[PDB]
Structure formats: C-alpha cells, structure tokens
Amino acid sequence: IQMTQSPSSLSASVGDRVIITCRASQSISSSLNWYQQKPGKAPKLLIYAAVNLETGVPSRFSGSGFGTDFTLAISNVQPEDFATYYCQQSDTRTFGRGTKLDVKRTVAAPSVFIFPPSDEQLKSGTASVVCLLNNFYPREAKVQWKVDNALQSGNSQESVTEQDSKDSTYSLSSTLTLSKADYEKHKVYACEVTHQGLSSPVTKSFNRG
Amino acid sequence: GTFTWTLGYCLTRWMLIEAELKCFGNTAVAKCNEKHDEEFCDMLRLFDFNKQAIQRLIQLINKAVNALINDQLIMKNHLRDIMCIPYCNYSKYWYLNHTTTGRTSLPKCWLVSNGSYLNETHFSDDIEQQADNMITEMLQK
Amino acid sequence: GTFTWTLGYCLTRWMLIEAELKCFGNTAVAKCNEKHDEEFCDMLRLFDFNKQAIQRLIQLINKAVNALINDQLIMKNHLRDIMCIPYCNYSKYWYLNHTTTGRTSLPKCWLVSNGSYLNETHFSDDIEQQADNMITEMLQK
Amino acid sequence: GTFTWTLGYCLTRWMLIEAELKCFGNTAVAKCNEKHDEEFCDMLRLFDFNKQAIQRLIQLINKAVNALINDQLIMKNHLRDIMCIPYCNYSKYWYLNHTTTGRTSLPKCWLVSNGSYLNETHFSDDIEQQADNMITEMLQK
Amino acid sequence: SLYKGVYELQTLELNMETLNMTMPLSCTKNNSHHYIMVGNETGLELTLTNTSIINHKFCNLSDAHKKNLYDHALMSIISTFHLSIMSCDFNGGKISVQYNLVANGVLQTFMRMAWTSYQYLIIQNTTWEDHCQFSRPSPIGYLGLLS
Amino acid sequence: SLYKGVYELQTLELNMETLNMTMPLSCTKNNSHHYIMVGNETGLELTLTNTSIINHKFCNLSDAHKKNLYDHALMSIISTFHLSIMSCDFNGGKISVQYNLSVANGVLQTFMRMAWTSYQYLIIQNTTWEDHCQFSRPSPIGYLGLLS
Amino acid sequence: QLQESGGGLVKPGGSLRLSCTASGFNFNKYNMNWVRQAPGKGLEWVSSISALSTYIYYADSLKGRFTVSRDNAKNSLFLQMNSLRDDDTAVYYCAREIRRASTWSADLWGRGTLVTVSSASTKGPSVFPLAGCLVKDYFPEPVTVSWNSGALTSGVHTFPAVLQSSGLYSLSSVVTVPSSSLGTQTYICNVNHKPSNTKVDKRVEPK
Ligand SMILES: *[C@@H]1O[C@H](CO)[C@@H](O[C@@H]2O[C@H](CO)[C@@H](O[C@@H]3O[C@H](CO)[C@@H](O)[C@H](O[C@H]4O[C@H](CO)[C@@H](O)[C@H](O)[C@@H]4O[C@H]4O[C@H](CO)[C@@H](O)[C@H](O)[C@@H]4O[C@H]4O[C@H](CO)[C@@H](O)[C@H](O)[C@@H]4O)[C@@H]3O)[C@H](O)[C@H]2NC(C)=O)[C@H](O)[C@H]1NC(C)=O
Ligand SMILES: *[C@@H]1O[C@H](CO)[C@@H](O[C@@H]2O[C@H](CO)[C@@H](O[C@@H]3O[C@H](CO)[C@@H](O)[C@H](O[C@H]4O[C@H](CO)[C@@H](O)[C@H](O)[C@@H]4O[C@H]4O[C@H](CO)[C@@H](O)[C@H](O)[C@@H]4O)[C@@H]3O)[C@H](O)[C@H]2NC(C)=O)[C@H](O)[C@H]1NC(C)=O
Ligand SMILES: *[C@@H]1O[C@H](CO)[C@@H](O[C@@H]2O[C@H](CO)[C@@H](O[C@@H]3O[C@H](CO[C@H]4O[C@H](CO)[C@@H](O)[C@H](O)[C@@H]4O)[C@@H](O)[C@H](O[C@H]4O[C@H](CO)[C@@H](O)[C@H](O)[C@@H]4O)[C@@H]3O)[C@H](O)[C@H]2NC(C)=O)[C@H](O)[C@H]1NC(C)=O
Ligand SMILES: *[C@@H]1O[C@H](CO)[C@@H](O[C@@H]2O[C@H](CO)[C@@H](O[C@@H]3O[C@H](CO)[C@@H](O)[C@H](O)[C@@H]3O)[C@H](O)[C@H]2NC(C)=O)[C@H](O)[C@H]1NC(C)=O
Ligand SMILES: *[C@@H]1O[C@H](CO)[C@@H](O[C@@H]2O[C@H](CO)[C@@H](O)[C@H](O)[C@H]2NC(C)=O)[C@H](O)[C@H]1NC(C)=O
Ligand SMILES: *[C@@H]1O[C@H](CO)[C@@H](O[C@@H]2O[C@H](CO)[C@@H](O)[C@H](O)[C@H]2NC(C)=O)[C@H](O)[C@H]1NC(C)=O
Ligand SMILES: *[C@@H]1O[C@H](CO)[C@@H](O[C@@H]2O[C@H](CO)[C@@H](O)[C@H](O)[C@H]2NC(C)=O)[C@H](O)[C@H]1NC(C)=O
Ligand SMILES: *[C@@H]1O[C@H](CO)[C@@H](O)[C@H](O)[C@H]1NC(C)=O
Ligand SMILES: *[C@@H]1O[C@H](CO)[C@@H](O)[C@H](O)[C@H]1NC(C)=O
Ligand SMILES: *[C@@H]1O[C@H](CO)[C@@H](O)[C@H](O)[C@H]1NC(C)=O
Ligand SMILES: *[C@@H]1O[C@H](CO)[C@@H](O)[C@H](O)[C@H]1NC(C)=O
Ligand SMILES: *[C@@H]1O[C@H](CO)[C@@H](O)[C@H](O)[C@H]1NC(C)=O
Ligand SMILES: *[C@@H]1O[C@H](CO)[C@@H](O)[C@H](O)[C@H]1NC(C)=O
Ligand SMILES: *[C@@H]1O[C@H](CO)[C@@H](O)[C@H](O)[C@H]1NC(C)=O
Ligand SMILES: *[C@@H]1O[C@H](CO)[C@@H](O)[C@H](O)[C@H]1NC(C)=O
Ligand SMILES: *[C@@H]1O[C@H](CO)[C@@H](O)[C@H](O)[C@H]1NC(C)=O
Ligand SMILES: *[C@@H]1O[C@H](CO)[C@@H](O)[C@H](O)[C@H]1NC(C)=O
C-alpha cells in the first residue's frame, strides 16, 4: 500500500483556509495518522485514527475522510503553523511524500548575476562557475547552462535557502564544476533563468577561454 | 430472571469493522424489549452499559451481568457446538435492507460450522421467512 | 434466564399411552416460542432434546436443564401442592378440536387434587375461555 | 427463570395510604402476565401470595421468592442508584384515568433522585408516550 | 393539568405493613441505625458504632446451632447476611454479632439492604417499636439479598 | 442477488475492543495458547504444555490475599476459574498456577467453554498486553458464560 | 524523555550500534519503534518492536541488515547495523508507540542522532574569493563563515552545503552592496573549521 499526498507545496497566508489530501489505492478503513515536523525538530501528532485529535493540539486542525480518501483542514493559520506534514498509515507503518506550507507574497522578480572563476582555481586545474539568484518568489525557478553556442553540461548542483525571517524570500545557487581541459576549449558560457513572473527567459553570459 | 436494561439506536464507526455508519429504525429496535432468543439485543445492551459506565463513573460487570444478557443463550450455543450443529461465534450478523424505502430488519446471527461461515444457500430458507415477516408488517399498516 | 431451545410437531405412538399419532398445526405450536407458563412446551422441548441427543451422539442434562424448561413452574406446582390447591403432575393434557375444519388448540394440563382429577366440571370456566379465545382468533383472520 | 404466579383486581383500603378504594379493569391487569420490567405486577403478586397464604396455613417465602418477582429488576434499580440515575423504591406510582369513560392505565413507578421525587415535568415525555399508547389501543378496537 | 384533554394524571401509594406475618420488613431510622422486623414482636438492629461491646475473636456458630436455644428467623437472617458477603456471642439465647470494619463487602451488602468514618458494625436483637422515621417499611432489601 | 425483488441481503461485523475498559476480553493465539486481557496493560495466559515449572504440590491462598500485593482483577479471574470446576506460587506478586492433567476432565471442560488433548499440564501465568489475537477475535463471551 | 546516542562517523561496511534510554514512564509496557530521516527528504520507518520482544517488524528494504532489541531492566533500546552502505547516513529517532482506537500511533519522539558513513579523512577548507566567498573540499559538515568577524550583517546570504561526487562538502556565501562601496573598503571573508583548526581570513580583490 502506497499513499499519495497532494499538493507537494501549497501557498497561503495567515487567515486563509488550507486543505491537504492523503489518498490510498486500497481501503485502509480509518487507519491514518497526521504528523507535523519543524526543521531540525522531532515531529508531533496532529491527528490519530484519521478523524480524532491529539490532546494539547489547537482546535483549528480538522481530520476527516474514510476508505481511500483522507483530508486535513486548517481554518486560520497562525505564524507558528508553517512546517512539513506527513500522513502515516498505522498498519503498514509507512509515511507519505510530505507537504510543505509557506507564506504568501506578491510575485517578485529574481536578481540574476554571473561571475567567472578565481585565480588560484585556474592553477588548481578545476574551476567552478556559479550564477546567483537572490530575493525572489516563489520557489519554482528553472536554471540551465549553455556552453559556446548551445549545449547542456549535465552536471550542475543547485541549492536554495529557507524563507527569510523578515521578508520571506529565497536565494538560489547553481554551481558547475569542470576541469581546465573542458574550460580551455570553449568560448561562451551562459546561464539561463526562468521564473513564473519573468515574461521571457533571461540569459547571463560571459566570454573566456 | 429476565434482562431488565432498556435502550433509533445508531452504531458508530468504532463499533464495526469496515463500516462507517449503519443504523436502524425505531420499529426494528423496539423488538429488543420483548424477545429472549436474540443476541443482537444483548450486544446492544452491553454497548450501552459500557457507554454509561465510562461516561458516568470489574465488579460492576460481576454484579450486573444478569441484568443485561441471557446466559441460557450462551449455554444453548455451547451445546450446539458440542453436538456439531451450526452456532454463533457472536461476531457476524445479517439483515435485509429494502433500498427503495430504507426500512430494514433486525439483524440475525450468521452461523458458523467447521471453522468457516455458512454459505448463503445453506440457510437461505430463513431469509425468505424474514422477508415474509417484513411483507406482512408492511401489509399490516 | 429463559429457555432457548426452538422447535407442525407430530407425536409418534411411542410418546403416547393408548393412542396413535396425534398432532397439531404450526399456529398452535408457534405459541411455545413466546410463552412462559406452559408445561406442554417444556415436555415438547425435553422430547426434542432427547431425540437429537440419541440420534447425534447424564452430565449433558445437568448443564442443559435450564435451556429447556422453567424451574419456577415446577416450584409453583409444588407450592400449590403444599397449600392444597389443584396442581399438575405433567401427565394429562386436554385440548379442543374442530371436527369440521381440523384446527385444534394448545393442550393445557389436567390438574389433580388428592389422587383424582377435576371431573371436567371443576374447570368448566377454562374450557369456555379457551373456546372464546379460539373463536376470536379465527374470526380475526 | 420467569415468574409463574397468576393473579379486575381491586385494592382494599389497608393496602393504600390515604385512599379508600382504587382498582382497575381486566384489560390493564392482563398485561401483568406478559411484561418483564414492571414493579406494580410484582407488588400485586406479593399481595396475592400473602392473601392466599394467610388463610390456608418464613421458609415459604424463602422457597417461593423467585416464583413471584424478578430479581434483575432490583439489581437494575440498585445499579441506577449507584450510577446516579433516578430509580424506584417500589413506593409511589402514577397512572392515567379517563374521567368520562372510566378506563385507566397500568401504574408505573414514580422515580426518586437526591432524596426526593421528580417534578412531574421531568418525565412528561413518559406521560405523553403513555397517553399516545392508550389512544392507539382504544382506537384500534 | 390534564394530558391530551381527556386524561388526568393521578397517584397512589402502597402500604406494606399488611405483609408483617409473611415477610420481613426493614426501615432506616437514621444513617447510623437500621432495623429489620420479623412479625410484631421481634427484630434485629444494625448499628454503625465507634464503641466495642465484646472483646474476643471467637465465633462458635456451630455450638450455638447445636444448643438449639435461639430464634429460627433471626438466625436465618444472620446466616443469609453472613453468606451474602467477625466476633460472635450467642450465650443465654442472646444474639450479638460484631464486625471490626471484609469491610468492602460488608459495607456493600449493608448498602444493598439499606437501599465511612464509623469503625464497627454490630448486629443485635430487639423488640418491636415504632422506629421507622426516615424510610417506610418495605421487604425489597431482604428479597434482593435472598436471590 | 436480491430477495423477493425488493430486499437485498447485507452484513455487518462488531468490534469488541471498545469494551476493553469494563469487560475482560479473551482470544486464542493458536490451539495451545489462550489469552484473557484485563484493560490495556495486563492479562493472563493459559498454556497447554509438556514442561514443569513448579515441582512442589503446595498451594496457599490465605497468605497471598493477606500480603495484599497483587492485582485484584487477576485474582478474581483465577478464583472464578478454580471454583467453577493444583500447585500454586504467588511469592513476589507473581501468579503461577499449575494443573497436573497427566479432575482433568472438568478443567478441560471449562477450558473448552472459555475457548469456544495429549498434553500433560496446564499453566496459568501473568503477562503484559501484546497483539496476540490471531486465530480468534477478542470477545468477552467466555468470561460472561463462565461467570454464570 | 527519550535520550539517544551512538551517532557519529563510521566507515562503509562497518558495524554500528545505537541506544535509546527512557526515563519517566513504564518502559515494560510500551511498543517502541525506530524511524529514520534522510537529509532533505521525507521520513522513513526503520523497525518496530513489542514489549517482551515477541513481535518484531522490519522495513521491507532494510531486512537482513538491521537487528533491534531492548533491555527492559535498564530501560534501553538497542539497534545494530551491519554492512552499511553509503546512503545510510541519516537522523535516527526512537519513538514510543501506543495502541488506541484500534491503531498504532507514536506519542513521544526523541531528540534524534546523526549517523554519517563515508570514505574520507579530515581535509581543510579551501577558501576562494568570488568577485563572494567559496569554501570547497572540507569533510566535516559544520563550518563557520562570516564577514569581518561579524562586522557586516546586511544581505549576508549563505547556502546549504551539498555533496559532490568526490565526497567533500562545498558551499558559498554572498553579500549585497550598492555601486560606490566597491571601491572604498577591501573586504575579508572569515572561514572557521574546528576539527583541523583553520581560521582563515581571506582577502578579496575587487575587479
Ligand atoms: C467468527 O467466525 C470467524 C470464522 O472463524 C472468525 O473470524 C476469524 O477471525 C480471526 C481473528 O481476527 C482472523 O484472523 C486474522 O486474519 C487476518 C487476515 O488473514 C490476519 O491479517 C490477522 O492477523 C493480523 O491481525 C491480528 C489482529 O490481532 C494480529 O494479532 C496479527 O499479528 C496480524 O497482525 C498484522 O496485521 C495487522 C493488520 O494488518 C497489523 O495491525 C499488525 O501490526 C500486523 O501487521 C503485520 O502484517 C501486515 C500485513 O502483512 C504488515 O504490513 C506489517 O508490517 C506487519 O508485518 C488474523 O490472523 C480470521 O481471518 C477470521 N476468519 C474469517 C473471517 O474467516 C471470528 O473470530 C469469529 N468471531 C468471534 C470468535 O467472535
Ligand atoms: C422512596 O423514597 C421516598 C423519597 O425519600 C420516600 O418518601 C419519604 O418516606 C418517609 C417515610 O418515613 C417519609 O417520612 C415521614 O414523613 C412524614 C411527613 O413529614 C412524617 O410525619 C413521618 O414521621 C412520623 O411518622 C413516623 C412513622 O413511624 C413516626 O415514628 C414519627 O414519630 C413521626 O410522628 C408521628 O407519626 C405517627 C403519625 O403518622 C404517630 O403515630 C406518631 O406517634 C408520631 O406522632 C415520617 O418521617 C417522608 O416524608 C417521605 N418523603 C416524601 C418527599 O414524601 C419513600 O418512603 C421511599 N419508599 C420506601 C418504600 O422506602
Ligand atoms: C478502549 O476503550 C476505550 C473506551 O471504549 C477507547 O477509548 C475511546 O476511543 C474513542 C475513539 O477512539 C473516543 O471517542 C472519541 O473521543 C474524542 C475525544 O472526546 C473525548 O476526549 C477525552 C479523551 O481524550 C474524554 O475524556 C472525553 O470524555 C471525550 O469523550 C472525540 O473528539 C470523538 O468524537 C468525534 O471527534 C471528531 C471531531 O472532529 C469527529 O470528527 C469524529 O467523527 C468523532 O465522532 C470520539 O467520540 C472515546 O472518547 C474514548 N474513550 C475514552 C474513555 O478514552 C479506547 O480506544 C479503547 N482501546 C483500544 C486499544 O481500542
Ligand atoms: C507478573 O507479575 C510479577 C509481579 O508483579 C511481575 O514481576 C515484577 O515486575 C515488576 C515490573 O513492574 C518488577 O518491578 C521492578 O523491580 C526492580 C527490582 O530491583 C526495580 O528495580 C524496578 O524499579 C521495578 O520496580 C518486580 O521486581 C517484579 N517482581 C518479581 C518477583 O519478579 C512480572 O513481571 C509479571 N509478569 C510479566 C510477564 O510482566
Ligand atoms: C401480634 O399479632 C397477633 C395477632 O395474630 C397477636 O395475637 C393476639 O393478641 C391479642 C391481644 O389482645 C389476643 O387477644 C389474641 O388472642 C392473640 N391471638 C393469637 C395469639 O392467635 C399478638 O399479641 C401480637 N403481638 C404483639 C407483641 O402485640
Ligand atoms: C435478645 O434475646 C435474648 C434471648 O431470648 C433476650 O433475653 C431474654 O429475654 C426474655 C424476654 O421475655 C426474658 O424473659 C429473659 O429473661 C431474657 N434472658 C436473658 C438471659 O437475658 C433479650 O431480652 C433479647 N433482647 C431484647 C432487647 O429483648
Ligand atoms: C491505557 O490507556 C490509558 C488511558 O485510558 C493510558 O494512560 C494515558 O496515556 C496517555 C498517553 O497519551 C497519557 O497522556 C495519560 O496521562 C495517561 N493517563 C490517563 C489517565 O489518561 C495508558 O498509557 C494505556 N496503557 C498502555 C500500556 O498504553
Ligand atoms: C438500507 O439501504 C439504504 C440505501 O442505500 C442505506 O442508506 C441504508 O444504510 C441501508 N440500511 C442500513 C441499516 O445500512
Ligand atoms: C381433531 O379432529 C379430527 C377429526 O376427527 C382428527 O382427524 C384430528 O386428529 C383431531 N386432532 C387431534 C390433535 O387429535
Ligand atoms: C377514575 O376516575 C373515576 C371518576 O371519573 C373514578 O370513579 C375511578 O375510581 C378512577 N379510577 C381509579 C383507578 O382511580
Ligand atoms: C420541582 O422540584 C424542586 C426540587 O428540585 C422543588 O424545589 C420545586 O418546588 C419543584 N417544583 C417546581 C415548580 O419547581
Ligand atoms: C440515630 O438515632 C439514635 C437514636 O438514639 C442516636 O443515638 C444516634 O446518634 C443517631 N445517629 C446519628 C448519626 O446522629
Ligand atoms: C477489633 O479491632 C481492634 C483493633 O483492630 C482490636 O483491638 C479489637 O480487639 C477487635 N475486636 C474484635 C472483636 O475482633
Ligand atoms: C467515629 O470515629 C471516626 C474516626 O475516628 C470519626 O470521624 C467519627 O466522627 C466518629 N463517630 C462519631 C459519631 O463522632
Ligand atoms: C503456538 O504458538 C507459540 C508461539 O511461541 C508456539 O510456541 C507454540 O508451539 C504454538 N502451538 C502449537 C501447538 O504449535
Ligand atoms: C505432576 O505430576 C507429575 C507426574 O509424574 C509429578 O512428577 C509432578 O511432581 C507433579 N507436580 C505437582 C504435583 O506439582
Ligand atoms: C506431550 O506429551 C504427550 C504424552 O501423552 C504426547 O502425546 C504429546 O505428543 C506431547 N506433545 C508434543 C508436542 O509432542
């Protein structure tokens, strides 16, 4: 038995109502537990028996459903209710994919940079290029790499920061590491950024040997 | 003596296996006050007694056992077990539904023999009997 | 508790004294299911239990005595004997017959008083009452 | 088991408190041979047993207690006393009386809680139900 | 106030002293005293007290039965109370029974019959007096305890 | 398959585990083990075995009740067991009871009544609660019948 | 409370043991289970054990490598792993399970311990200027990055450390600044690493 959780990450601000769904292929009757976990902390129950409520938990959490469908509902989200939610079947003891909850904000454009490797890195025989994205929203943003005219290196590493304490925004880093053999025999290097609020894809390019 | 505990009784999802909400009419449950050879009423009485005991408060069941159930029904089922006749495991029940109107019948025990439930054809006669009773009832009013 | 054994019952020539087969309808025997003061039904239950016991197999009756009979009926007859009132020793039963139709009644005991019977005139009210009940029942249907 | 004593019962002035002559019909008292959760019928049976024993004769009540009453009724009332629900001590009874017709209803017990009786409005549902039962019974015939 | 416009609620109360010859009647004077009466001349008293009257652990019930100098009904009620759940003295035809508190069962059957900082429970024999002040006489307690 | 053209047959099952607070519940793991659970943290095990755990034939009950260090419900169940029909050990609060079947007929009759034989002994012991019910579902009917 | 221990660094293919001790309840009467969490992913259930160690249930994929047991006398719960693989680094939690509504639910979680399996030794952090401050090829996970020993605190964005194929960590640190201040002050990135004592104050040359 495998559970499917929807959606992967929904967005809603304080005061709005939020709905999360855990669905199962078979009929598990009424055997489902809802957990909430904060970053770097052990989880805690919110719902047991798929409809009841754990003691010490606020009354804005409602569990419902039967058979193959189950739903968690939060009516008025407080600032201390942004975390990761898990649905666990209590017979096979299996967890779900996980749903993340984040604050709401008006679409904000990212700031895309580009800069070349350093000095001693070239002497090191392996140089890395990373083009920074700073202060953007939402999380969904796509990055691509172009070498010379147009190509795909295929080995790039991406990192994203957490929600800012004050403005609640994101920063994205995309590192591409290559030995000097590949870097010496090419001319143009560009990184392409695409976002929800960006009308057209944006390229940032440099020219080196 | 005779059972004395008194009861639209409705069964919640914590009292059933693979079911959410099954419950019956007042006419059907009224028979639980004037019948001596039915288990379903005894189980309903045990459920009710447990409910009041937990929401109002094992010696209680020691001194209250005879006011809820009928021991001779247990003894009869034990004797039918000894002499190899179908008996009641005291878990499964069957009833008629009448989807068009919604009126049902009081559940009756599902018999057990040789470690398995009896097939529906092995006691189907009883079913028609019950149907007959129901039709007479809906022909009485 | 309450008797739990369940039963057109026909009595063979080995169950009677100086009489061939004698038996009744379904309606008359159906009263034995819901009735608590009747010696005839207790005797019928004992006969049936003995039948299955011998065809399907004294400690059995030690543990099955109360699922067939009603001890308070025995004690009531004993008390009526002590205080000099007519009582029943479970030997003779009288019933009505409808010769033209064939319908009968449920047999009731023939009481005794100091080694005799009541000469059919000491309970002539009961016979008339039973006839009235039968005529009401047959006119109702 | 079940009670076996058999009773227009009329109550003399020495069985009542502040009353001369109160008594009922045959239809109302006929129910005492069928019901299993009535205290008035048990009290009637005790009265009749005492009357029939004084004029023909404490081990008698020791060996005849179960042929008259239903111990499970006493047990039920004891449990209701422990669990703090209104109970009956077999002292006061209420019944409905049709003034013009003269017909009545079988008396039911008047419960007690916290050392005093109820308000006569704490069980108006029971009175309405009894009135509905009487009106249905009289309109049936 | 008439119900449904045709029915009038009425009431009645039952007197149970007419049963004095056949069945025992019990009634409560106050919370500390209970009384059972057999007939019109003899009965037993049930006392919840803090004082002792006998100091010995013996109970020669068999000897008292063998001596055959007692009251039949009183001893029958004592025996049924004892079995339904101890110091004894029955010399000279007397009836004195002492319970030193076991305590839970004695108190439960006392509550069942008569339906705690007190130390002892004493059972003794008395004559008949108009003791009932709180509860009317009724035989239900002994009938329930019997079966 | 609908009966008489207007009626259909339907089934339901009952869950007796909500009765855990008031009534003891019994179930059979396999043909050799039986378990009666009181509440949610303690029970009693009935074992048919060919091993001996107690050698002496003594059995003292007055001292065990006088020590007043035991579980009331467990003693109540073992008492209503061994009066409805024997080496004993209760030191340290334990409950170990040994029946030397190979008297036996009545003990096995009560065992069959509850759990409704080439085994030498029958042992009654105390255990904590575990998910043991495999062959039969938990139900209070055995103890209810044994009571009366 | 539930206190867990045994985490740390173990070579691939080794044998490892974790312990969870409880204090505050009856250790004898409760089913207890082990749950795992991978870095950046969802939760995962390792195993479950009953009270008297009669019913032991195991993960479908983890069977044959994990052995769980408990000591009721010392109120302890031990887990043993053999033939570890590289993707067995994670956070381990010992949870207490309770049965209610005919259902198992975990009502108390421990603090959780970290276990890391890798084939690497202690390597110093290589610091490079990004004109920005890049730290590359340092094995232990924690490392400290600052601007002039905490002098600058506006727009200091750090990024989560990542694993490259070599098995050594790397991260970056950036900052925002208007146009003028580029040609005014030369800035220094402070990178601190304890398990090899490297406190490097590397200078950046604007270009
Ligand atoms: C009326 O008469 C009928 C006919 O004789 C009687 O019905 C029988 O009742 C039996 C008792 O329930 C029943 O046996 C069961 O059969 C099912 C299906 O084969 C089986 O799964 C059951 O075993 C599980 O459940 C019991 C419940 O206590 C557990 O004790 C047992 O250890 C098993 O537990 C596993 O499954 C549970 C549910 O999935 C889990 O909660 C539990 O943790 C454990 O999980 C393991 O298995 C999972 C699935 O493989 C796995 O994912 C997980 O990781 C674990 O490894 C039990 O044997 C008979 O089938 C039934 N016969 C019928 C209906 O014909 C009935 O008793 C009578 N009524 C009375 C006497 O009142
Ligand atoms: C069921 O529960 C209900 C609810 O509690 C019970 O109802 C109460 O019953 C008691 C029974 O005693 C009753 O108490 C009486 O109240 C009377 C009116 O207040 C009192 O006058 C009476 O005391 C007199 O009678 C005693 C009888 O022995 C005398 O001993 C006593 O001295 C009192 O004074 C005179 O008594 C007679 C005259 O009657 C005279 O000959 C004497 O010489 C003396 O001069 C009782 O205390 C309560 O009033 C009832 N409560 C209510 C609200 O009605 C009911 O009894 C319970 N049923 C059973 C079977 O137990
Ligand atoms: C052993 O037996 C006991 C009792 O039979 C079982 O415990 C009961 O379990 C049921 C369901 O698991 C409980 O019913 C639910 O109670 C919820 C909380 O109300 C209670 O809260 C406290 C306990 O925390 C009690 O003290 C209090 O008196 C209340 O009774 C209710 O919220 C539930 O009602 C509704 O909740 C949601 C709300 O959205 C609805 O959507 C649901 O549909 C639901 O109807 C529900 O009534 C019951 O309270 C428990 N009783 C006790 C005494 O604890 C054990 O589960 C059982 N053991 C095992 C292993 O099965
Ligand atoms: C059957 O019942 C017996 C009696 O209670 C159980 O044995 C007892 O189990 C308790 C555990 O709750 C033990 O208590 C512990 O004792 C140690 C002694 O040093 C103490 O340090 C602990 O803090 C705790 O109090 C008790 O000693 C033990 N008694 C004996 C004589 O063994 C037994 O466990 C029960 N059976 C099962 C299966 O649980
Ligand atoms: C108990 O009641 C009986 C009635 O049966 C009393 O016996 C009668 O008492 C009167 C007293 O005047 C005598 O005249 C009668 O001859 C007695 N009848 C008998 C003995 O059969 C008895 O006295 C009463 N007891 C008490 C203590 O008053
Ligand atoms: C309790 O019973 C004893 C034994 O009968 C009573 O003692 C006797 O009472 C009668 C009463 O007529 C006297 O004639 C005897 O002389 C008494 N004998 C002794 C040895 O005392 C005693 O009176 C009864 N209790 C009460 C309160 O009457
Ligand atoms: C048996 O059930 C009781 C509750 O009926 C459990 O006791 C409670 O457990 C919860 C766990 O969340 C605690 O918060 C409560 O404080 C406990 N006590 C009460 C009075 O509710 C008990 O743990 C259960 N037994 C077992 C072995 O799980
Ligand atoms: C009878 O059938 C109706 C129609 O589907 C259904 O709603 C009802 O629940 C059934 N009766 C019972 C007791 O389930
Ligand atoms: C009733 O009378 C008819 C007519 O003789 C007879 O055939 C029948 O057997 C009688 N019934 C009984 C029970 O004897
Ligand atoms: C009912 O009321 C009438 C007066 O209309 C009265 O004669 C009769 O005795 C009453 N019945 C009872 C049982 O009190
Ligand atoms: C109702 O009962 C109460 C006792 O709880 C009593 O004080 C009151 O007088 C009664 N009648 C009314 C009208 O409240
Ligand atoms: C009950 O009444 C008796 C009468 O003598 C008295 O001695 C006793 O103290 C009373 N009980 C209480 C608790 O006051
Ligand atoms: C009653 O108990 C007290 C102290 O427990 C003791 O002194 C006294 O002798 C006991 N009396 C009897 C009759 O047992
Ligand atoms: C009897 O003793 C107890 C405890 O010593 C005390 O609380 C109680 O008040 C005493 N009885 C009386 C009537 O004072
Ligand atoms: C029943 O299961 C237990 C589980 O340990 C086992 O020891 C025992 O041998 C089994 N009984 C039989 C008859 O196999
Ligand atoms: C049980 O019976 C066997 C028979 O050989 C005997 O050896 C053993 O001592 C007995 N155990 C007792 C009496 O406790
Ligand atoms: C236990 O002993 C009996 C001796 O009568 C034997 O028949 C039986 O096979 C033994 N049990 C097992 C599991 O072999």
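Counting starts at 1 for both ligands and their atoms, in listed order. The chains referred to below are lettered A, B, ... by the order of the sequence lines, with proteins before strands, and numbering in each begins at 1. Just the heavy atoms: all of them, side chains too, but no hydrogens, waters or symmetry mates, feed the values below.
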Is any NZ, NE, NH1 or NH2 atom of the basic residue among B/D48 and B/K51 found under 4.0 Å from an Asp or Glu carboxylate oxygen of the other?
yes

re atom 5 (O) of ligand 5, the protein heavy-atom contact at minimum distance is E/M21 CE, 4.0 Å

What atoms of ligand 15 come within less than 4.0 Å of a heavy atom belonging to F/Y119?
13 (C)

Might you check, step by step, whether the distance between atom 20 (C) of ligand 7 and some protein heavy atom is under 4.0 Å?
no

Heavy atom of the protein closest to atom 10 (C) of ligand 7 (residue, atom name, distance)
G/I98 CD1, 4.7 Å

For B/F47 and F/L19, which heavy atoms make the closest approach, and how far apart are they?
CE2-CD1, 3.4 Å

Could you check which of G/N28, F/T128, A/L45, F/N40 puts a non-hydrogen atom nearest to atom 22 (C) of ligand 7?
F/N40

Does any non-hydrogen side-chain atom of F/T42 lie less than 4.5 Å from one of F/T128?
no

What protein heavy atom sits nearest atom 6 (C) of ligand 15, and how far away is it?
F/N30 ND2, 4.2 Å

Any protein heavy-atom neighbour for atom 27 (C) of ligand 7 (distance below 4.0 angstrom)?
yes

The one among G/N26, G/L108, B/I54, G/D107 that brings a heavy atom closest to atom 12 (O) of ligand 7
G/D107

Of the side chain and backbone of G/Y30, name the one, both, or neither that has a heavy atom under 4.0 Å from an atom of ligand 7.
side chain

Hey, does the side chain of F/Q120 reach the backbone of F/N50 with a donor-acceptor pair shorter than 3.5 angstrom?
no

Correct closest heavy-atom pair for G/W104 and G/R99 would be NE1-NH1, 3.3 Å

